Amino acid sequence: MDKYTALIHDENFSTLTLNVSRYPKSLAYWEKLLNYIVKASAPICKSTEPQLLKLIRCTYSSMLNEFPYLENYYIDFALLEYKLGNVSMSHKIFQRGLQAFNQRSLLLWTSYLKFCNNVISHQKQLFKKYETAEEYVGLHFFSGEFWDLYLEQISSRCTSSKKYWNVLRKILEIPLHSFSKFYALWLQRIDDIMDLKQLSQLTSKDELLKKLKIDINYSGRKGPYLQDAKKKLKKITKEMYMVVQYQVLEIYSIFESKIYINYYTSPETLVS
Amino acid sequence: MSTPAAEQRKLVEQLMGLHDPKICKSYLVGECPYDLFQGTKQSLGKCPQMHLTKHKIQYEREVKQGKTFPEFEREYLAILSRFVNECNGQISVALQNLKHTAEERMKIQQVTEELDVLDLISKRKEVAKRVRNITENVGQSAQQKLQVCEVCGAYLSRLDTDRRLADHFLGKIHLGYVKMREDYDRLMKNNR
Amino acid sequence: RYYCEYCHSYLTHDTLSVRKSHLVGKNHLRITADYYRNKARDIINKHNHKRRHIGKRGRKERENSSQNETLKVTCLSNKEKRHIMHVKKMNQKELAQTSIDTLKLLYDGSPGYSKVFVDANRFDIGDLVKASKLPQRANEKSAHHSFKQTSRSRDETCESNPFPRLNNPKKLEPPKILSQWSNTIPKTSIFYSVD
Amino acid sequence: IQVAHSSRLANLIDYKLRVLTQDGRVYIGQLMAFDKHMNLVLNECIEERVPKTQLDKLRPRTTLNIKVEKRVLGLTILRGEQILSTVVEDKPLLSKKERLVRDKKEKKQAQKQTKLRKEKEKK
Amino acid sequence: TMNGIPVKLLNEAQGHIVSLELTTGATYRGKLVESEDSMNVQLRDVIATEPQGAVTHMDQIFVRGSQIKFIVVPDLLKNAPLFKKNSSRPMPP
Amino acid sequence: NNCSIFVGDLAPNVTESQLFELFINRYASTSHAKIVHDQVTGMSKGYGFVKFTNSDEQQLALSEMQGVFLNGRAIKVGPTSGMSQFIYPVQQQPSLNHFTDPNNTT
Amino acid sequence: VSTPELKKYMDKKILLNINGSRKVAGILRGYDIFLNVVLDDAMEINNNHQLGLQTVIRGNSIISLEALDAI
RNA sequence: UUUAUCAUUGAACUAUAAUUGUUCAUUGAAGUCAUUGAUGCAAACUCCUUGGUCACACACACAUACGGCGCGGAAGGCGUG
RNA sequence: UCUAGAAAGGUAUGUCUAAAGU
Ligand SMILES: [Zn+2]
Ligand SMILES: [Zn+2]
Ligand SMILES: [Zn+2]
């Protein structure tokens, strides 16, 4: 006998399924039923019994229709369908995961973008997905991982290196949990500049000429003037560092230090 | 060979009564011992009787449904028995070499001096000197620490993990000689 | 025959069973890792600057930049610039090596945690991590470390750790700040906090 | 550009070849290796093609402009069964005199390397 | 026999992400486990683009060597030692 | 200045009392003496610090106790004292009146 | 010359795309120096229709060898 | 400008088809994402990389059309030792 | 019938033995 019929005539399956079908909103019964069905196919691959894959899909889909705020199981169900051969279904699994969260979950956007980097293979479409994730879950206090992932894709694909300076200047004003890394990128990247024409990567040339009294087209000895330039831009970055440091340290000391639990858990849990 | 159709020609030509000295009957039963040890360092040379695949699959057909020729079994058992008894002599030689290391002269006089140094609180002094002599015997072991692989006869050790042992036990020598020991156990149970 | 270009050692008749056993040799792996670290270090460290094509400056440019003013240029001694370059190289390496990893520390008790963040039970890269664990045919390699392994199984459920606060939790670490601008912080907090 | 008349493919290393292939595609990349089977190793190649739609514009009857799909491929190796022709496009980054200086310097460094390796293994 | 710089370079990229397009039009891209002497490759954890675009996923694949059109190795193998023109091999055995 | 000297290679049966005795009342009156014992075993790790008030007192102790025989050994009296981007913040405390008390609910 | 390294794919199920268009699945049993392969219980994946009790594919027309089983 | 799966049936239904066409539903195969996409057409703006930014001069030449009569450098052609 | 002397290495691997203080 095969895996499916052997699984059905097992005694535990009727007990686990009757406990789930009696007590739906208790989570541990669902997870016991789910771990048993997955362990009952010990190699999972493309050739395992289709009457049993249909049942693993019905179990995951029905659990996630019961408990729609479970972040880790959307990732896991999508990665299971990604193992089973079709990325077309795993796109839909992540997207209903984002929609049940009304697009504002950080973990599903982070795992969906580290998924989508591999399989979308069209550059402007992948960047439209990063702009979507930015406008929903960008200002999250722990979204350092999203922005660092986004800067990784920008520095590996693009040849222009203007879009990196643009995106990094938007990181510099957001109060993130770990903004000092995104300041150290800006500091070493100012310090890694070489000549006066590249100061227009940051801001416009007239903004420099008015606000910082600095001419890009100053032709002459360009050693001391470039060092003066780097010191004045480092001073402006120090002031914007003070403002973001104040807002981050205020949010952390007062509010974000005290929350210990950020996850859905189960409908039977109590919050302190 | 160099072009792949040449090697393919070689294989099909060696694919295309059944008695006499021309055909190695030991290969015909299976696992000729001059075939299992061709390339290794226990190489016997070349198998004298030729090996051929048409004869072998005719034997597969014959022992599938037709009959069994027990002269082939007694010839294979003779060759198998002489090789297995020869390597039993060689593993006896290997453990003799361990003994001859163990009964070396200067080491025996050193352990004799330490064992004369082994001679209540008298028992505590004797046990401290005997643990020093146990560590002297273990220092002689730390020079070697050799056990003998009981099948192949080659050396082994226990300080070594299971994985480098698993590296040994999937050898050409050890798998070939395990196959020889297993056909010898089968034929000595079946003939008795 | 064969010749390991990285290793600088010849070999006898090139059989795939000899060659493949050389290519996962530990000493060959050290030599290859050194070679590629040094070549990436050389192409980072090589400042090739553009060649200078100096044109003859005009008159009105010469009057304007002769009538601006002259700026002082700062320069440092030899030991100063050597110490500064050692500091700059280690700071660029720790920015390249680090990574924000707070979404892993922050979901540490969640229900489906072992199926996503464990990295050995992941369905996409699940078989690869177990497959590439390596033989460890060295007894003393496992006999070196005497800590626990803490293999979190995939079969874990929601029932264990029912109350996350009572099992002793850790507060999240304060946000790291730049050490060179560490004096610009507000010197007093607002609320009296103890321990 | 003008290439020397007696210049086989062994001599055009570090030029920027333009390898045609069996499908209309073209791999504009810098050559750095080749083989008996003529399967090159192009350094920074850009696989172009003329689409099925704009191919009517090449059909025989201002100028004609064709919009090709540049698709960047980094350090390809080709399979030599596919190649159809190679055309040189651009000269190298270095001169000939500079390549002479650099080749003498590399051979000098290799001979010093083998000298130190020999005298270290004798010690 | 002798293999030369391209097939030897392909043997230098065992373990890393390669991207290869077959002659039928497909494009497979994964970690290259074992290549061979005749450019006969395997690929683990691949992302398989069918010719009309439908991307699927499959655990391992063994293409025939004869069907490959190109193989895109990583960038750093530009600095591989086999591209060095003036080499000084020490001594035969 | 709390000048600290790092004595080392000390004998096992040498106490912090004897380490005080060999450091205090000769060349100085040292403010502290502290040998590092084992945190669960109690047996001295063979090295320990002593804290003198004045830096001239410590260096006078340093030149004279270097190599000096203390309970069977030479006790190696080198001075104990005298580049990451990211550090955790640290802040003062607002001295706890009724406004700056986070539990004040009246 | 050189045998293909299919010692892992022995005695498992395998999906190979014959000649571009067609696609056959079966239980691999043997192979040779050219990549001609012999696979037990071949079913042409199209409503699919089965070939026969044993086949032997000439290895001129194999393009890829996907392994359906765990390997 | 142009596209966005078919079936079995029900209710009606033009109708050679595997009720195709038409609205609504069930069930069933597999099902890259994209429709702010794709294909065609045209312009504007911005930003990169590359070089003798050399020397002499601010000048009245030419039917055999034009002193190719400064120092170099890059690439090719041709001849000699 | 025309005089048979098989290698000697290479790489991979673990273990022993050992060399270091302030
Ligand atoms: Zn035989
Ligand atoms: Zn053995
Ligand atoms: Zn090597």
# chains A, B, ... in the order shown; residues from 1 in each chain; ligands from 1
call {"tool": "select_by_dssp", "arguments": {"residues": "segment 7-106 of chain F", "states": "alpha helix (DSSP H)", "output": "list in words"}}
result
residues 16, 17, 18, 19, 20, 21, 22, 23, 55, 56, 57, 58, 59, 60, 61, 62, 63, 64 and 65 of chain F
call {"tool": "residues_near_ligand", "arguments": {"ligand": "ligand 2", "cutoff": "6 Å", "atoms": "only C-alpha atoms (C1' of nucleotides) and all ligand atoms", "output": "list in words"}}
result
residues 149, 151, 152, 154, 169 and 174 of chain B
call {"tool": "write_last_selection", "arguments": {"atoms": "N, CA and C atoms", "output": "compact mmCIF listing (two decimals), in the first residue's frame"}}
result
# COMPACT_ATOMS: atom_id res chain seq x y z
N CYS B 149 41.76 -5.03 11.14
CA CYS B 149 40.50 -5.29 10.46
C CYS B 149 40.38 -6.77 10.20
N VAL B 151 38.39 -8.68 8.56
CA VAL B 151 38.09 -9.21 7.24
C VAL B 151 39.32 -9.07 6.35
N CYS B 152 39.70 -7.84 6.03
CA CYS B 152 40.74 -7.61 5.04
C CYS B 152 42.15 -7.85 5.57
N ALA B 154 44.02 -5.50 6.99
CA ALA B 154 44.74 -4.25 7.11
C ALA B 154 44.54 -3.66 8.49
N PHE B 169 35.73 1.20 5.11
CA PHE B 169 34.91 0.02 4.87
C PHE B 169 34.20 0.02 3.53
N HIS B 174 38.19 -4.02 0.73
CA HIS B 174 37.35 -4.55 1.79
C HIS B 174 36.02 -5.04 1.26
call {"tool": "atom_distance", "arguments": {"atom1": "atom CA of residue 107 of chain A", "atom2": "atom CA of residue 264 of chain A"}}
result
12.1 Å
call {"tool": "residues_near_ligand", "arguments": {"ligand": "ligand 1", "cutoff": "10 Å", "atoms": "only C-alpha atoms (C1' of nucleotides) and all ligand atoms", "output": "PDB file with N, CA and C atoms, in the first residue's frame"}}
result
ATOM      1  N   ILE B  23      36.421 -20.787 -20.477  1.00  0.00           N
ATOM      2  CA  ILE B  23      35.582 -19.834 -19.692  1.00  0.00           C
ATOM      3  C   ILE B  23      35.778 -19.967 -18.175  1.00  0.00           C
ATOM      4  N   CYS B  24      36.251 -18.888 -17.542  1.00  0.00           N
ATOM      5  CA  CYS B  24      36.335 -18.767 -16.093  1.00  0.00           C
ATOM      6  C   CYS B  24      34.952 -19.020 -15.521  1.00  0.00           C
ATOM      7  N   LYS B  25      34.751 -20.221 -14.987  1.00  0.00           N
ATOM      8  CA  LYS B  25      33.490 -20.564 -14.349  1.00  0.00           C
ATOM      9  C   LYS B  25      33.283 -19.814 -13.046  1.00  0.00           C
ATOM     10  N   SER B  26      34.363 -19.343 -12.426  1.00  0.00           N
ATOM     11  CA  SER B  26      34.247 -18.602 -11.178  1.00  0.00           C
ATOM     12  C   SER B  26      33.596 -17.247 -11.401  1.00  0.00           C
ATOM     13  N   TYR B  27      33.973 -16.561 -12.484  1.00  0.00           N
ATOM     14  CA  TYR B  27      33.227 -15.387 -12.925  1.00  0.00           C
ATOM     15  C   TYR B  27      31.813 -15.748 -13.329  1.00  0.00           C
ATOM     16  N   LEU B  28      31.625 -16.942 -13.895  1.00  0.00           N
ATOM     17  CA  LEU B  28      30.320 -17.323 -14.411  1.00  0.00           C
ATOM     18  C   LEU B  28      29.316 -17.484 -13.280  1.00  0.00           C
ATOM     19  N   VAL B  29      29.744 -18.077 -12.162  1.00  0.00           N
ATOM     20  CA  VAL B  29      28.938 -18.059 -10.942  1.00  0.00           C
ATOM     21  C   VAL B  29      28.774 -16.630 -10.453  1.00  0.00           C
ATOM     22  N   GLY B  30      29.870 -15.887 -10.420  1.00  0.00           N
ATOM     23  CA  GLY B  30      29.805 -14.489 -10.062  1.00  0.00           C
ATOM     24  C   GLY B  30      30.994 -14.037  -9.247  1.00  0.00           C
ATOM     25  N   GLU B  31      31.459 -12.814  -9.522  1.00  0.00           N
ATOM     26  CA  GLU B  31      32.493 -12.123  -8.759  1.00  0.00           C
ATOM     27  C   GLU B  31      33.795 -12.931  -8.725  1.00  0.00           C
ATOM     28  N   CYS B  32      34.421 -13.003  -9.896  1.00  0.00           N
ATOM     29  CA  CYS B  32      35.749 -13.588 -10.014  1.00  0.00           C
ATOM     30  C   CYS B  32      36.740 -12.828  -9.141  1.00  0.00           C
ATOM     31  N   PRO B  33      37.518 -13.513  -8.306  1.00  0.00           N
ATOM     32  CA  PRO B  33      38.417 -12.800  -7.389  1.00  0.00           C
ATOM     33  C   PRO B  33      39.608 -12.156  -8.069  1.00  0.00           C
ATOM     34  N   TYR B  34      39.960 -12.579  -9.278  1.00  0.00           N
ATOM     35  CA  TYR B  34      40.956 -11.862 -10.058  1.00  0.00           C
ATOM     36  C   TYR B  34      40.363 -10.677 -10.803  1.00  0.00           C
ATOM     37  N   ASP B  35      39.039 -10.538 -10.799  1.00  0.00           N
ATOM     38  CA  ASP B  35      38.332  -9.415 -11.399  1.00  0.00           C
ATOM     39  C   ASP B  35      38.022  -8.329 -10.369  1.00  0.00           C
ATOM     40  N   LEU B  36      37.696  -8.720  -9.137  1.00  0.00           N
ATOM     41  CA  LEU B  36      37.371  -7.764  -8.090  1.00  0.00           C
ATOM     42  C   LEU B  36      38.590  -7.033  -7.565  1.00  0.00           C
ATOM     43  N   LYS B  46      46.234 -10.422 -14.082  1.00  0.00           N
ATOM     44  CA  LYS B  46      45.064 -10.555 -14.936  1.00  0.00           C
ATOM     45  C   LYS B  46      44.399 -11.885 -14.619  1.00  0.00           C
ATOM     46  N   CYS B  47      43.085 -11.944 -14.776  1.00  0.00           N
ATOM     47  CA  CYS B  47      42.400 -13.222 -14.679  1.00  0.00           C
ATOM     48  C   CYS B  47      42.829 -14.086 -15.856  1.00  0.00           C
ATOM     49  N   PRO B  48      43.360 -15.304 -15.614  1.00  0.00           N
ATOM     50  CA  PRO B  48      43.837 -16.158 -16.708  1.00  0.00           C
ATOM     51  C   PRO B  48      42.723 -16.613 -17.661  1.00  0.00           C
ATOM     52  N   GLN B  49      41.607 -17.089 -17.103  1.00  0.00           N
ATOM     53  CA  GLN B  49      40.461 -17.527 -17.939  1.00  0.00           C
ATOM     54  C   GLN B  49      39.803 -16.263 -18.488  1.00  0.00           C
ATOM     55  N   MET B  50      39.350 -16.273 -19.742  1.00  0.00           N
ATOM     56  CA  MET B  50      38.730 -15.052 -20.232  1.00  0.00           C
ATOM     57  C   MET B  50      37.326 -14.872 -19.671  1.00  0.00           C
ATOM     58  N   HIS B  51      36.890 -13.618 -19.622  1.00  0.00           N
ATOM     59  CA  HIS B  51      35.569 -13.243 -19.140  1.00  0.00           C
ATOM     60  C   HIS B  51      34.760 -12.711 -20.316  1.00  0.00           C
ATOM     61  N   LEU B  52      33.480 -13.062 -20.368  1.00  0.00           N
ATOM     62  CA  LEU B  52      32.683 -12.755 -21.543  1.00  0.00           C
ATOM     63  C   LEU B  52      31.224 -12.675 -21.125  1.00  0.00           C
ATOM     64  N   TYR B  76      34.566 -22.935  -8.188  1.00  0.00           N
ATOM     65  CA  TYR B  76      34.527 -21.633  -7.535  1.00  0.00           C
ATOM     66  C   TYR B  76      34.838 -21.746  -6.055  1.00  0.00           C
TER      67      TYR B  76
END
call {"tool": "residues_near_ligand", "arguments": {"ligand": "ligand 3", "cutoff": "6 Å", "atoms": "only C-alpha atoms (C1' of nucleotides) and all ligand atoms", "output": "ChimeraX atom specification"}}
result
/C:4,6-7,28
